[PDB]
Amino acid sequence: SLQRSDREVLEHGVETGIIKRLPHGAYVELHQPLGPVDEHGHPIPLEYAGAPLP
Amino acid sequence: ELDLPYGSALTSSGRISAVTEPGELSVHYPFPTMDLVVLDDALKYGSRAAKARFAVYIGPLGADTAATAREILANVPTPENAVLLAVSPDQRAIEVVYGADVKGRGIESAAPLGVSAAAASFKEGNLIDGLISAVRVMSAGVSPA
Amino acid sequence: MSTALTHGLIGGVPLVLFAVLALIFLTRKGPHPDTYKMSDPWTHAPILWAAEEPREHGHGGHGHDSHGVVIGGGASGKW
Amino acid sequence: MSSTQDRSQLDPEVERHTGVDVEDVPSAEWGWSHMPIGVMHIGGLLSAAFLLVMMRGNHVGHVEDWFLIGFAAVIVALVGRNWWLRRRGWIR
Amino acid sequence: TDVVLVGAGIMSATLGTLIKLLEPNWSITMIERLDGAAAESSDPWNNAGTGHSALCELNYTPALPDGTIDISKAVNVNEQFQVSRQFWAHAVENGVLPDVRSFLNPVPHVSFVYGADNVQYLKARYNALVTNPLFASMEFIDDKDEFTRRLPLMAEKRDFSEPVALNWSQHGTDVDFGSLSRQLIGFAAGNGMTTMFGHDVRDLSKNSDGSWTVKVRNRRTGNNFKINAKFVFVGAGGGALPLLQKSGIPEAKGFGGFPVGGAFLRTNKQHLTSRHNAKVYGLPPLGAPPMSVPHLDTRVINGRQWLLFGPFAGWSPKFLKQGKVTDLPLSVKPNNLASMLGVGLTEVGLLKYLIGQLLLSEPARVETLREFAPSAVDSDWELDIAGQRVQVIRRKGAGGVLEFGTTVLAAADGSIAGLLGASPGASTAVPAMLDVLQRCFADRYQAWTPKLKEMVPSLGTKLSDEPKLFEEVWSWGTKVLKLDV
Amino acid sequence: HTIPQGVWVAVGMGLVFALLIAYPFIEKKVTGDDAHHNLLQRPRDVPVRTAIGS
Ligand SMILES: CC(C)=CCC/C(C)=C/CC/C(C)=C/CC/C(C)=C/CC/C(C)=C\CC/C(C)=C/CC/C(C)=C/CC/C(C)=C/CC/C(C)=C/CC1=C(C)C(=O)c2ccccc2C1=O
Ligand SMILES: CC(C)=CCC/C(C)=C/CC/C(C)=C/CC/C(C)=C/CC/C(C)=C\CC/C(C)=C/CC/C(C)=C/CC/C(C)=C/CC/C(C)=C/CC1=C(C)C(=O)c2ccccc2C1=O
Ligand SMILES: CCCCCCCCCCCCCCCC(=O)O[C@H](COC(=O)CCCCCCC[C@@H](C)CCCCCCCCC)COP(=O)(O)O[C@H]1[C@H](O)[C@H](O)[C@H](O)[C@@H](O)[C@@H]1O
Ligand SMILES: CCCCCCCC/C=C\CCCCCCCC(=O)OC[C@H](COP(=O)(O)OCCN)OC(=O)CCCCCCCCCCCCCCC
Ligand SMILES: CCCCCCCC/C=C\CCCCCCCC(=O)OC[C@H](COP(=O)(O)OCCN)OC(=O)CCCCCCCCCCCCCCC
């Protein structure tokens, strides 16, 4: 499960405070990617490198 | 455009908020829960070795069976490396289609084997068992990229 | 009063009632649709199933685009 | 932003092609990740046997033997459930 | 059904196709315990794929006490492979085998030796073989530069102060018997053979009309049912022996089975595979069984090149890879017990060899590979578990002997046949299935002979004795099987 | 003769020390890894070994 947490951090970025989306009442944690970000919001997932993740 | 006959409404975003009457279900699949679980187990980890998205289409694929199979495969999330087995009992037809990335991995050799397993099981009278057998045979045949 | 009788009662009446209620309720047709017979026509709407087996780039829908169907073979059968 | 991505090339050497897979254990390639299920089944069975065997001893007590029986029984039940489920393909 | 085929390996695939070509109106039912065709002994990882032409196999050319070389076994195995090749050529021209390159690849066959006495033996072997038309294109190579040019992986870090030699045969093959079996089954199924995957044959009982009741279990549902067959073929690999024991036929009495596993070292590292393009067979170690000859093989599996080294001997009480640990104990019967106990006393050398191979570590397996490729590094090779084979134990006097051959067992009335044993097995599937047809359908075989000769032009002729006919069928078969490309 | 309960604990200590001393060779025999390892691996990245140590 620690490995799974590392992978989720790699593929979604670090977690932060929640934001309510403008048009609708969606709640999104407003993550922060640790690597290059795709043209759209979601980032390009990184590959685990055997080192701790923030 | 029209939502479900009753109780389903388009929401502020794209998602459609749907409802079902208290006594009834939502999936309505005409198969036992256990056999559905077995087929899902197959498609999920008995195909992990193949590393190619294995898909099953029980719906009716009419007119040119091959071409309807092609486009229902196109509808698969990642047709690039995908193997769609379509069965229409209204037409007693099987059609298997493959993605371009799924080539030379033993898939073509496994195609007749999987179709034969499915046909044997169907003539025995077990749609779901035939689907599982075909998935197993095709996954065994297909090698990871 | 009749230690054995009381023990048997407390141990059996729950079991008898459980058996009766299970016969009443567990023996009722469930809401799950009956298995589809091959002879019967296929009435249910088309059912496409997918594995969700491999990794798909990023979970984000945008950027996936439509590269193409890129067919890679075929097969056929008639039961 | 004040973090640099890591590039790692660890020397590998079973080749992991059989056993566990990354989908089940994400870091399968990075270290020992698979214990054969037979090992754990036999270990549980032998632990239950040891618990039962400890009943034979120089204790006039009886709640001790009953606790041993209960713990051995639950261990054997877990081992049997796991073995049966894996025999049937993780069903029920 | 007219015919039941038990198992979906190369034997049943070959017989099912032959019967379907001879008798298109016959009802054929193939029953396979696994969820797909060729997923046991015919799987490309479960066998060496050598396309066994007797070109490289030094155990087929023993030295006699007078220093001459007996080539009789090599000639007979090459002729049996030419029969299989002719059937495959005909099958390609007639659309039975549409994809030649998925199952058959041109790969040189090479005998390899080191040390002065073994080089002299290999020269004597060469001189004996090249007198026969079937081996006339063989080359003898004892030159270092020519060795280095042909086998760059085997030459790297080799000490050439010890003499080395090759017998090189340019026109060898690699065979994916898994692809071949799937294509043959695909043809027979497309022509109305019923296929039953996930179905296990539990029992065989003869009916009063001479037909067979086949008891089948669906492995997915657990349901049991019966099929009535006029003829039964038991192509079930190591699962054949328990089924032939259950059939109660006199001919299967006293047969025991000894399960022998194999393993290979394998690699697909381009820097190794690009430096070795042959099947290279060594000398058997002193006291090794004839099937445990170390070899370093080029394999083409699913269009990808691999190197395979082995086989290392393995042991399992299972008769199949997907078999049961109870297979060996349940194969013991009062009528075969004496034969089985006798093998431990008669085959002490084999038992010692098998124990030695079982005790090998992974580094020690790579050390045996360094005899072929002295530059080999442990991390470039992975262990793969090959197919399970059941060696036949036959009664010999008061004891038993192990048979390393392929044995066709047929009932005296032809109503059932089965295959037991190990080698050359898959490479001789066609002549073995022609023997099954001749023995089991003697009333029809004469009427089939014209159509069998259309499939195999040399049928009933020794190709060693007819060099013109050999060159004709060789040239036709080369072109049709694309073996010149 | 008598074989007191002290021998049980003595053999237990012997086994404990033998296993502790011979673990790296036991681990290499089991897993198969004899590669020259200079980069540590996080305990989470090796579930079986961290499980055994726990
Ligand atoms: C132990 C290990 C990593 C083994 C690897 C697997 C292996 C090769 C096993 C081989 C042999 C066998 C059979 C072993 C099983 C039993 C065993 C370990 C026997 C030998 C015992 C031995 C000589 C050494 C074991 C040493 C070991 C790693 C102990 C745990 C120590 C650690 C890392 C603790 C966490 C660090 C930390 C912040 C500690 C402070 C927090 C506290 C208070 C932790 C709890 C705690 C501890 C740990 C005490 O030791 C203790 C002793 C006396 C009174 C109280 C306490 C106490 O409260
Ligand atoms: C399966 C597999 C792959 C295995 C891998 C192969 C393998 C083992 C590779 C490693 C090879 C090894 C280990 C080589 C030897 C290394 C070595 C010894 C190098 C020399 C070291 C050196 C410079 C000086 C010697 C230092 C030294 C004493 C080393 C040994 C340490 C050990 C193991 C001490 C054990 C002590 C011990 C309990 C011995 C048993 C004898 C008995 C029962 C004595 C009685 C006894 C006494 C006397 C107590 O005090 C006591 C106190 C509390 C409880 C009980 C007892 C008790 O029972
Ligand atoms: C490291 C600790 C973790 C251990 C993990 C293992 C978990 C399994 C625990 C097994 C429990 C076994 C309990 C039974 C044991 C047994 O057999 O003994 C009995 C006493 O029963 C009891 O209470 C049972 C109590 C069981 C509770 C167990 C609680 C577990 C705790 C310890 C877990 C927390 C761990 C904290 C971790 C700290 C972490 C540190 C970093 C009877 O003695 P007795 O008293 O003589 O009774 C006489 C009559 O019989 C007789 O009629 C009458 O006449 C009288 O004579 C009467 O005296
Ligand atoms: C869910 C279960 C629920 C079970 C709940 C039961 C709770 C009641 C227990 C104690 C009540 C107070 C009595 C206290 C006195 C005891 C009664 C008695 O006298 O019973 C006759 C003999 C001993 O005779 P003794 O004269 O004591 O002398 C002896 C040597 N001199 O024991 C026997 O056969 C009968 C057995 C008596 C108690 C054993 C209970 C221990 C643990 C049960 C299972 C643990 C499971 C763990 C699972 C992981
Ligand atoms: C506090 C706790 C107690 C203290 C704990 C510390 C002691 C060491 C810990 C655990 C040892 C047991 C490990 C588990 C051993 C695995 C068994 C097996 O089934 O073999 C599979 C392997 C994988 O091979 P694979 O190609 O990845 O195939 C995947 C197949 N599923 O095979 C092999 O190479 C190895 C086969 C032989 C291994 C022999 C190891 C033990 C040697 C004797 C030392 C005493 C052991 C004491 C045990 C407590």
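Rules and cut-offs
- Residues numbered from 1 in each chain as written, not as in the entry; some residues may be left out.
- Chains lettered and ligands numbered in written order.
- Part of a larger assembly, values for the part shown.
- Heavy atoms only, no water.
- Residues with missing side-chain atoms left out of burial classes, pairs and counts.
- UniProt positions renumbered as here; feature names shortened; annotations may be inferred.
- Helix = DSSP H or I, 4+ residues; strand = E, 2+ residues; numbered from the N terminus.
- Rg over C-alpha atoms; globule rule 2.2 N^0.38 Å.
- Buried < 20%, exposed > 50% of the residue type's maximum accessible area, 1.4 Å probe, protein only.
- Areas by Shrake-Rupley, 256 points an atom, 1.4 Å probe, with all protein chains shown as cover.
- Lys, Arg positive; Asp, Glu negative; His and termini not counted.
- Charge placed at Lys NZ, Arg CZ, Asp CG, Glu CD.
- Pairing = 2+ DSSP bridges.
- Axes fitted to C-alpha atoms, helices over the stretch in contact; angles between N-to-C directions.
- Contact = heavy atoms within 4.5 Å.
- Nonpolar A, V, L, I, M, F, W, Y, C, P; charged D, E, K, R; others polar.
- Parallel < 35°, antiparallel > 145°, perpendicular 65-115°, else oblique.
- Left-handed = near helix turned anticlockwise from the far one by under 90°.
- Salt bridge = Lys/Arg side-chain N within 4 Å of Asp/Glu carboxyl O.
- Polar contact = N/O pair within 3.5 Å; in protein donor to acceptor, adjacent residues only side chain to side chain.
- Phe/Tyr/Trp six-rings, centres within 6.5 Å; stacked < 30°, edge-to-face > 60°.

Per the deposited record, determination of this structure is attributed to cryo-EM, with the resolution reported as 3.2 Å.

Under the annotation held in the PDB entry, chain F carries the name Cytochrome bc1 complex cytochrome b subunit and is attributed to Mycolicibacterium smegmatis MC2 155. Under its PDB record, the entry appears with the title "Mycobacterial supercomplex malate:quinone oxidoreductase assembly".

Named according to the PDB entry, chain E is Probable malate:quinone oxidoreductase originating from Mycolicibacterium smegmatis MC2 155. Quoted straight from UniProt, the Catalytic activity entry for chain E says "(S)-malate + a quinone = a quinol + oxaloacetate". Here is the UniProt Pathway comment for chain E, exactly as written: "Carbohydrate metabolism; tricarboxylic acid cycle; oxaloacetate from (S)-malate (quinone route): step 1/1."

1. Notes on the overall build of chain F
In terms of helices and strands, chain F carries 2 helices and 0 strands. In terms of C-alpha radius of gyration, chain F reaches 16 Å, well past the compact-globule figure of 10 Å for 54 residues. Projected onto its principal axes, the C-alpha coordinates of chain F cover approximately 55 × 20 × 15 Å. Relative to its full complement of 54 residues, chain F shows a buried share of 13%. When the accessible surface of chain F is summed, it comes to about 4,300 Å², and 71% of that surface belongs to carbon and sulfur atoms. Computed over 5 positive and 4 negative side-chain charges, the inter-centroid distance for chain F is 6 Å.

2. A closer look at unusual backbone geometry
Backbone torsion omega between E:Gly310 and E:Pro311 reads -5 degrees, so that peptide bond is classified as cis. Note that E:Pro311 resides in strand β16 (residues 304-314). Backbone torsion omega between E:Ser423 and E:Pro424 reads -5 degrees, so that peptide bond is classified as cis. Here E:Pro424 lies in the loop between β21 (416-421) and α13 (429-440). Although it is not a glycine, B:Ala63 sits at a positive phi angle of roughly 55 degrees.

3. So, the pairing of strand β10 (residues 212-218) of chain E
All names here are of chain E. With 7 bridges connecting them, strand β9 (residues 199-206) and β10 associate as antiparallel partners. Across the sheet, residue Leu204 finds its bridge partner in β10, namely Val214. The antiparallel pairing of β9 with β10 creates a hairpin that spans 5 residues between the two strands, and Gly210 there sits at a positive phi of about 85 degrees. With antiparallel pairing between neighbouring strands as the criterion, β10 and strand β11 (residues 224-229) make up a hairpin whose turn holds 5 residues, including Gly222 at a positive phi of roughly 80 degrees.

4. Section: the sheet that holds strand β8 (residues 194-196) of chain E
All names here are of chain E. Spatial ordering of the open sheet is given by β8-β2-β1-β12-β21-β20, a layout of 6 strands whose pairing is mixed. Of all the strands in the sheet, the pair left with one neighbour each is β8 and β20 (406-410). In this sheet, adjacent strand axes meet at a mean angle of 15 degrees when their direction is disregarded. In this structure, strand β1 (residues 3-6) lies alongside strand β12 (residues 231-234), joined through 4 bridges in parallel fashion. Paired with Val6 across the bridge in β12 is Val234.

5. Some details on the interface of chain B and chain C
On the side of chain C, 33 residues touch chain B, which itself brings 62 residues to the contact. Contributions of two or more residues to the side of chain B that touches chain C are made by α1 (33-46), β3 (53-57), α2 (65-74), β4 (82-88), β5 (93-98), α3 (107-124) and α4 (127-141) of chain B. Across the side of chain B that touches chain C, the residue classes tally to 39 nonpolar, 11 polar and 12 charged. By the bridge criterion, 3 bridges tie β3(B) to strand β1 (residues 48-50) of chain C in an arrangement that is antiparallel.

6. Comments concerning the packing of α1(B) against α4(B)
Residues and elements named next belong to chain B. At their nearest, the axes of α1 and α4 sit 10 Å apart, and the two run at 10 degrees to each other. In terms of orientation, α1 lies roughly parallel with respect to α4. Like other packed secondary-structure pairs, α1 and α4 cross with a definite hand, here left-handed. Contacts between α1 and α4 involve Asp35, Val38, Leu39, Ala42, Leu43 and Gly46 on the former and, on the latter, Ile128, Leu131, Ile132, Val135, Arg136 and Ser139. Grouping the amino acids of the contact of α1 with α4 by side-chain chemistry returns 8 nonpolar, 2 polar and 2 charged.

7. Structural notes on the interface of chain D and chain F
The parts lose accessible area when they come together, and the size of an interface is often stated as this lost area. Opposite the 13 residues of chain D that make contact, chain F presents 18 residues. Residue composition of the side of chain D that touches chain F, grouped by class: 6 nonpolar, 5 polar and 2 charged.

8. Comments concerning the pattern of salt bridges
Residue F:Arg42 is joined to A:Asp6 by a salt bridge in which the shortest nitrogen-to-oxygen separation is 2.5 Å. Remark: A:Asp6 occurs in helix α1 (residues 2-12) and F:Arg42 occurs in the loop between α1 (6-31) and α2 (47-53); the pair is interchain, linking two chains. Taken together, the shared-partner salt bridges connect A:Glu11, B:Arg53, C:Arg55 and C:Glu56 into one network.

9. Focus on the sheet that holds β3(B)
The pairing of strands in a sheet comes from backbone hydrogen bonds and takes either a parallel or an antiparallel form. Strand order in the open sheet formed by 4 strands is β5(B)-β4(B)-β3(B)-β1(C), with mixed pairing between adjacent strands. Whereas interior strands pair on both sides, the edge strands pair on one side only; in this sheet they are β5 of chain B together with β1 of chain C. In this sheet, adjacent strand axes meet at a mean angle of 15 degrees when their direction is disregarded. Direction of pairing for β3(B) relative to β4(B): parallel, over a ladder of 5 bridges. Of the residues in β4(B), the one forming a bridge with B:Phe54 is B:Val83. Relative to β4(B), α4(B) is tilted by about 155 degrees, and along the sheet it contacts β3, β4 and β5 of chain B together with β1 of chain C.

10. Overview of the arrangement of the chains
No other pair of the 10 pairs of chains in contact has as many contacts as chains B and C. Between chain B and chain F there is no contact, and the shortest C-alpha to C-alpha separation is 21 Å. At the C-alpha level, the nearest point of chain C lies 20 Å from chain F, with no contact between them.

11. Description of the side chain of B:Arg105
Structurally, B:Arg105 can be placed in the loop between β5 and α3. A distance of 3.2 Å separates a polar atom in the side chain of B:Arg105 from the backbone oxygen of B:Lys51. At 3.2 Å, the side chain of B:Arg105 forms a polar contact with the backbone oxygen of B:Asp101. The residues contacting B:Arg105, other than those within four sequence positions of it, are B:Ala50, B:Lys51, B:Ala52, B:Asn81, B:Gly141, B:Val142, B:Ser143, B:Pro144, B:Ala145 and E:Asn302.

12. Some details on the packing of aromatic side chains
Ring centres of A:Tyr48 and D:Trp30 lie 5.6 Å apart, and the angle between their planes is 65 degrees; on these two criteria the pair is classed as edge-to-face. You can see A:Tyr48 sitting in the segment after β2 (27-28) and its partner D:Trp30 sitting in the segment before α1 (37-53), one on each of two chains. Their ring planes at 40 degrees and their centres at 5.7 Å tell us that D:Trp83 and D:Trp84 sit as a pair that is tilted. Aromatic ring contacts, followed pair by pair, group B:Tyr29, B:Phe31, C:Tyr36, C:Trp42 and C:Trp49 into a single cluster.

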